[PDB]
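# Structure at a glance
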Amino acid sequence: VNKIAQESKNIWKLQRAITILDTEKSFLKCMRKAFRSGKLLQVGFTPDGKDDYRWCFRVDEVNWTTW
Amino acid sequence: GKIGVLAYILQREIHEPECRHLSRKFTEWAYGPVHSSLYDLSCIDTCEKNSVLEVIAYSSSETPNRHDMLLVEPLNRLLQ
Amino acid sequence: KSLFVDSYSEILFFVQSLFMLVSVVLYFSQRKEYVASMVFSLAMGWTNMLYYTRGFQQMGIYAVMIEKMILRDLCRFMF
Amino acid sequence: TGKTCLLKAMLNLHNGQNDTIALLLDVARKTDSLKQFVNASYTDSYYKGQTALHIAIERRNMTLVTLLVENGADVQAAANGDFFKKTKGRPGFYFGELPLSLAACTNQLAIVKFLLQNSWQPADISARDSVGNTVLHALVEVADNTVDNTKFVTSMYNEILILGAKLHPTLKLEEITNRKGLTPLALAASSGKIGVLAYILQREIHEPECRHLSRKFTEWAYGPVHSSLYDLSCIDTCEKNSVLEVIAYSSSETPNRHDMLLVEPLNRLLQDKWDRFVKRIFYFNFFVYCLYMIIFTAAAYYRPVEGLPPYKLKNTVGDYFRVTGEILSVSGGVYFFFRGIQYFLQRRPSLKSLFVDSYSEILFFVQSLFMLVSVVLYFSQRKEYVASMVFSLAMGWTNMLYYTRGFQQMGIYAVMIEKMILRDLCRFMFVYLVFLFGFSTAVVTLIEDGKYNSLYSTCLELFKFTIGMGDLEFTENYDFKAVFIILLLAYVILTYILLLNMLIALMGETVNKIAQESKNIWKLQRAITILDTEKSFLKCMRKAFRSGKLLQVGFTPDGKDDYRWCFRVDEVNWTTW
Amino acid sequence: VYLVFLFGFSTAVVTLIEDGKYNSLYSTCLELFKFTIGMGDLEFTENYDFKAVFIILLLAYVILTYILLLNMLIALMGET
Ligand SMILES: CCCCCCCCCCCCC(=O)O[C@@H](COC(=O)CCC)COP(=O)(O)O[C@H]1[C@H](O)[C@@H](O)[C@@H](O)[C@@H](O)[C@@H]1O
Ligand SMILES: CCCCCCCCCCCCC(=O)O[C@@H](COC(=O)CCC)COP(=O)(O)O[C@H]1[C@H](O)[C@@H](O)[C@@H](O)[C@@H](O)[C@@H]1O
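Description of the structure in this document. (Residues numbered from 1 in each chain as written, not as in the entry; some residues may be left out. Chains lettered and ligands numbered in written order. Part of a larger assembly, values for the part shown. Heavy atoms only, no water.)

### Details of the environment of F439 of chain D
For clarity, the threshold we go by: Strands here mean DSSP runs of E at least two residues long; helices mean DSSP runs of H or I at least four residues long; both are numbered from the N terminus. The cut-offs for exposure are 20% and 50% of the maximum accessible area for each residue type, with area from a 1.4 Å probe on protein chains only; residues under the lower value are buried, those over the upper are exposed, and the others partly exposed. In what follows, residue pairs with any heavy atoms lying within 4.5 Å of each other are defined as contacts.
By the element assignment, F439 of chain D lies in helix 18 (residues 408-446). Look at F439 of chain D and you get buried, because its relative accessible area is 6%. As for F439 of chain D and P310 of chain D, which are separated by 129 residues in sequence, their C-alpha atoms are 46 Å apart. Contact partners of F439 of chain D, with chain neighbours within four places excluded, come to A43 and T47 of chain C together with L462, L487, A490, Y491 and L494 of chain D.

Listed below in C-alpha cells is the structure:
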C-alpha cells in the first residue's frame, strides 16, 4: 500500500476515462452535447485570409510571478 | 506511450508571426495575474479514427505509460 | 494475453452471465444442479457490484487497491 | 459597451507606448473639455466602472498613470463590473475595485506611492469599496498562503502601513471594518490566510515614528537572552471578532483552520490560559460527568424486572436510592438536551457543518435524545423504554472519550480514532458488507429446508468468520456439498485473509500521515474548550483576561502613552551578537 | 480506551439482560472480553427481550473494539 498510491490514482482515472468513452460511444439518444468546449476562434488568421474555429477548451490560471 | 512528446504537443504555443496558427495553446485574455488559456482539442475529444482519448483508453496494456498519459493537463481537465 | 492480463471486469461480468445461462440450461434439462450454477452467478453478481465503485474517487481508488492486492499479494501468499 | 476612443487606445499599447493617446487628450482639451474625456469608463454590467487609470495600472505603465492623474482622472473611480467581483462561479479578478488597491494588489509600489503623494489629486488611503474593503482588506483577500504571493503581500501591507502613518499619523488603518464587521486581521483569521496572519501577529518595525505600529516589541536584551512582548489586542478579547473566536468557530471550510493556531503568540497564549484558568475547570467537569455516568449505570443496573412500568416506589432504602439516581440521570439527559439546542442556536450550522464537523455535540445530543425517549416510553407503560435507556447508557460511556482532550497523549489518540472511523472503517465496511451480503444470499439460496435457511441466520453465521468463530460446517441441509464448501472458502479468502489484513495495512498507511494533522486538530479542540470555558464562566471572573496591562512604547503619534496588554515571551539566541 | 468501551457495552448488555444466567457485571464483562480473544459467542444468552437491541449492541461493540481498535493498535505499534 505504501507503493501503489499514485499508481492507484492513475488506474482509477484510466478506468473512469474508459467508462466515459464507452458512455459517449453508446449514448442511445443521438445526443450532441457530449461534444464539449465550444467552437471558438483561436487566431482567426490561417496562412490564407480565412479564420480558424478549432473547438477550444478554456482553462483559467493565476500566476503571481513574471510580471 | 511517448508521454513527453504528447505533453509537448498538446500545449504547444508558438510566439512569432506566421507560426501562431501552428500553436495548440492560445491565451485569450489576461487581466492581472489572471489569464484564460485555450487548448485546441482537435483530434482529442473526437475525430475520424484516432482520438487521443480513444487511443490511450483502448491501449493494448503493453504501452509503457498508458496510466500516466492522462495526467497531461488538457486531458485531465477534459475528462473531468 | 491481453484478454486476461487486462480487462478483468469484462471477464467477470461475462463469467457471471455464463453461469446464468448454464443455470437456465440445467433448469430446463430437468437437473437439480441448476442450483449449483445459479448460486455461483448470484455470488459473483454481488461481488461485481464493486465494478461500480469507479466514479467515486475514494472508493474507486480503494477498489483498485483491492484488485492489486488480489493479483500480487494474495496470489503469492496463497501459493 | 460605452467605451470611448481613449479606452480603445489604452487597451492597444505597443511596447507600452501609443502616441495617439496624447493626441486624443490634447484634442479633447482644445475641442470642449477634458475632464469628461479622461474619466470616460465602460457602462456594460461586466466592465462597469473600468476607466483608463485602471488600464494604465494593470498594464504596469507608469507614464500613462502619471499622465492621466495629471489630467484630472478620478483616482477614486470604482470598477464594480462583474469581472471585478469575487463571484466564484464566473471568471474575474477581485482587487478592491480602486486604483490604489489595484496598485497594491499587483506589487507596484511606485504607483502606490505616486497615487498617495501626487500633487493634483492624492488618493484616499482610508477609502472603502462596495464591500467596505479598504486596501488592507484587499491585500488580505489576494493572499493564498503561497511563498511568492505571501512575500509581496506582507511587504506591501507593511509599506502601506508606513506610508499611511507618515501621511496620516492620527489614522488607524487596521481598525477599519468592512460590511461584515471584519478588520483585516479578523478577515485574515476568518479566511485562513495563514501567511498574512503570521506576518501581522509578530510584526516588528524598526524605525522612528513607526515603532507604535509594531505588534512585537523587545523590552530588554541582556546577552543571548531577551524578553519580547506580543500585543494581544483583538486576540484575547474584543468586541466581536477576537482572532481566537474567529479561528475556533470557523465554518470548517477555512483552509488552514487547523494550522493557524501554530502561530507563536496564539499557541503560547492558549497554553497559558489552559494552565492558569481552564485546566482545573475542565478536570472538574470530567469528574462530574464521571459521577453522572456512574450514577446512571447504577440506576440502570438495578432496574426492576416486573412488567408494565412505571413501578411503585417501595418504602425501603435501596429503592429510594434507585429512584434518586433515576431522577438525576433524567436531569442530566435534559441538561445535555438543552445544551445541544443551545449549541445549534448559537452556531446556526448550515446543515452540512452540522454533520461534517462538531461530532461531539451531535453525540451528546443523541445520547440525551435517547434518554428522553426512554422517559416517554417509561411513563407510557411500555417496556421498550429499556431499549432506549441502554443505548443512551452505551453512548454515555463512549462519550467519555470526549474528555480525552486536555491530555496531550490521549487526545491525539482520540483524534486518530475519529479519523480511522471516518476514512478507513467506512470504506472497509462498505466493501465488506457487499461481500458478506453476496455470499450470504448465495449460501442461503443453496441451503434448503434447514435450521438456517434464512437470511438473518446465514448472515450472522458468515459474520462469525470475521470474529474468528466461523464453524465452516454449520449445516448439511443442502445438496452439492462441494458448492457449499467452495462458497465458504471463497468468502473466507476474500474477506478474512484479504480484506481484514488490507484494512490493517491501510490503517498503518493512514497513521503514518495524520501525525501532524492530529496534533493540529487536538490543539484546535483544546482551544475550543478554552473559549467555551471563558465564554460561559458563570461567575463574572476577570482572571480570564491575561498578560497584564503593560506600557509598550509610551509614545503614540501624539504625546500619549500606550497600554496594550502585552504577553511576555522570553527567548535566547546564540548568534547575531 | 478499550476498557471504557468494554465497560460501557458490558453495562448496556447486563442492563438489557434480566433474570438470566449472566445477569451480572462480571459475567457479561468476561463474555464481551471473549470477543477480543476471538472466542466471542455472539449468542451467549436469550434471557432478554428486544433481540434486535442485544445483537445491535454486540455488533457495535465488535466493530468498535475488535475491528477498529485492535487494528488501530497494530498500526500505532508499527509507527512506534
Ligand atoms: C466466486 C467469486 C469470485 C470473485 C473473485 C473476484 C473478486 C473481486 C471482484 C471485484 C470486482 C472488481 C472488478 O470488477 O474488476 C476489477 C479487478 O478485478 C480483479 O481484480 C480480478 C481478480 C481475479 C477491475 O477490473 P478492470 O476492468 O478495471 O481491470 C483494469 C483495467 O480495466 C484497467 O485498464 C487497467 O489495465 C487495470 O490494470 C486493470 O486491472
Ligand atoms: C451505540 C454506540 C455507538 C457509538 C458510535 C460512536 C463511537 C465513537 C465515540 C467516540 C466519542 C468521541 C467524540 O466525542 O467525538 C469525536 C469524533 O468521533 C467521531 O468520529 C464520531 C463518529 C460518529 C470528536 O468529535 P469532535 O466534536 O471534536 O469533531 C471534531 C471537531 O470538534 C474539530 O473541531 C474538527 O472540526 C474535527 O474535524 C472534528 O472531527
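### A few points about the sheet that holds strand 3 (residues 567-572) of chain D
Residues and elements named next belong to chain D. As a reminder, the rule being used: In this analysis, strands are considered paired if DSSP registers two or more bridges between them. Fitted lines through C-alpha atoms give the axes, limited to the stretch in contact for helices. The angle between two N-to-C directions lies from 0 to 180 degrees.
The strand order 1-2-3 describes an open sheet built from three strands, whose pairing is antiparallel. Of all strands in the sheet, those bounded by a partner on one side alone are strand 1 (216-221) and strand 3. Between one strand axis and the next, the sheet turns through 30° on average, direction left out of account. Bridge count for strand 1 against strand 2 (residues 225-230) is five bridges, and the pairing is antiparallel. Bridging across to strand 2, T218 finds its partner in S228.

### Here's the deal with the sheet that holds strand 2 (residues 34-39) of chain B
Taken in spatial order, the three strands make up an open sheet running 1(A)-2(B)-1(B), and their pairing is antiparallel. The open sheet has two edge strands, strand 1 (57-62) of chain A together with strand 1 (25-30) of chain B, and neither has a second partner. The average angle at which neighbouring strand axes cross in this sheet is 30°, direction not considered. Judged from the five bridges that link them, strand 1 of chain B and strand 2 of chain B form a sheet pairing that is antiparallel. Bridge assignment links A30 of chain B to a residue of strand 2 of chain B, and that residue is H35 of chain B.

### So, the packing of aromatic side chains
Residues and elements named next belong to chain D. The test is simple: Here a pair means two rings of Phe, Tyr or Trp (six-membered ring of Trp) with centres within 6.5 Å. Their orientation is stacked below 30 degrees between planes, edge-to-face above 60, and tilted elsewhere. Sitting over a ring, as applied to charges here, requires NZ of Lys or CZ of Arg to be within 6 Å of the ring centre and within 35 degrees of the ring normal.
A complete count under the given rule lists 54 aromatic pairs over all chains for this structure. Note on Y47 and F83: the rings are 4.7 Å apart at their centroids and 45° apart in plane angle, and the pair reads as tilted. Placement of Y47 in the loop between helix 3 (35-38) and helix 4 (52-58) and of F83 in the loop between helix 5 (62-70) and helix 6 (99-105) is noted, with a sequence separation of 36 residues between them. Using a relative accessible area of 22% as the deciding quantity, one classes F83 as partly exposed. A ring pair is formed by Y402 and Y403, whose centres lie 4.9 Å apart and whose planes are at 80°; its orientation type is edge-to-face. For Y402, a relative accessible area of 24% corresponds to the partly exposed category. A residue is classified by how much of its surface remains accessible, and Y403, at 10% relative accessible area, is buried. These aromatic residues form a ring-pair network of at least three members: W274, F282, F286, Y289, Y292, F296, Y335, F336, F364, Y402 and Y403. When the ring centre of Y94 is taken as reference, the NZ or CZ atom of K86 above it lies at 5.8 Å.

Purely spatial values, then, with no claim about function.
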